[PDB]
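The chain below stands alone, shown as structure tokens; this is the form deposited in one PDB entry.
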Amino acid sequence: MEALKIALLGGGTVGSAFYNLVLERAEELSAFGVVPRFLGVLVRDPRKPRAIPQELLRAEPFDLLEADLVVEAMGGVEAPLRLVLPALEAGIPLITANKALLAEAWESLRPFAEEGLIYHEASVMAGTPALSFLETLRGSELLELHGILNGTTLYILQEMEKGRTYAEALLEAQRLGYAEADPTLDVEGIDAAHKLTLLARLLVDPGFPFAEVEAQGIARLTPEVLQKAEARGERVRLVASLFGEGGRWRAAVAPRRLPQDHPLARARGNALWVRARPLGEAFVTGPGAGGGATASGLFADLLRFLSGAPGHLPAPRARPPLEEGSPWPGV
């Protein structure tokens, strides 16, 4: 039996859900050979109301080199990056739910991803299987991928069909915990773009640049637009697409008119839909955002690590596109 010493960065909705999940499942962990011991949890206010014991909180950075694992769910890019890099350099794995970090600091983080040090299931659709889904889909070659990767904007659109306004639905969305710190990342497509980028690097091109994703959010959408779509037998959704065009992978986020019976249209939560050769059509759906949902993903990754498996490896080499996609109707 061994101690698994964990440094947690962030003690918010996710961090705190992860902390309590780990301790609540310590019996499971013992069957994996370990007892979980948190070194410290990095936060900003160490004395406010929080669902972690106060003495574990650290309002300043602390040395991570004695940890066996670093778990990050602090948000942002350059601050977690600088905090994680010395741990990575020492061969200490990272488990993160932070898609911005991986999408926008990939020049620094790719080499550690490639040696299997980075686990990040929770960074796309929370603890819904997305990355593991794609890992199994690698048995085939992608033809087209379409996801509804952002839960905030899904919630908002669901509410506006029901005739609620953007602002009341976003407000409602932010109470329920779905949005990023700044909901602009959600409603402009950027958070979907970060997720889509990570999917692209896993499946089709390990160098895929976040800057190459074309992203348009839901700012032109209203209840009227959505309800008129319903009347044509369609649903409008924000969709993240990956497809070949002129021999290269293209990545877009935009609102799309979907047939109402399409798997993407009938999903109540977040969803990833592929067509691949020779498998065919496959689809995964589940909760894409929330504390418990994300902590599930991070805990799934801890068990993966404990099992002796590497983190989520980028594609070993870029894959040649088989077909010209370019499906589509925008809005």
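Numbers follow the displayed sequence, beginning with 1. Under this definition, the rigid core comprises the largest set of C-alpha atoms superposing within 1.5 Å between the forms. Only residues modelled in both forms are compared.
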Quick one: higher average CA temperature factor, 165-173 or 105-113? 165-173
Mean temperature factor over C-alpha atoms, higher-scoring stretch between 175-183 and 254-262: 175-183
Would you mind checking which of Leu198, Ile148, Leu226, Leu81 has the top Cα temperature factor in the PDB entry? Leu226
Sort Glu141, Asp191, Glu89, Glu144 by C-alpha B-factor from the entry and give me just the highest. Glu89
Using only modelled residues of the chain, where does the Cα B factor of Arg317 rank: lowest third, middle third or highest third? highest
Considering every modelled residue of the chain and its Cα B-factor in the PDB entry, is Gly127 in the lowest, middle or highest third? lowest
Would you check the entry's CA temperature factor for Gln158 and let me know if it's in the chain's lowest, middle or highest third? highest
Consider only the C-alpha atoms of the modelled residues in this chain, order them by B-factor as the entry records it, and name the third containing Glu214: lowest, middle or highest. middle
Chain-relative CA temperature factor third for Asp68: middle
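Not on display, but discussed next: the form deposited in another entry.
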Using the rigid core for the fit, write out the stretches of 3 or more consecutive residues with CA shifts of 2 Å or more between this form and the one not shown, ordered by sequence. 44-48, 180-182
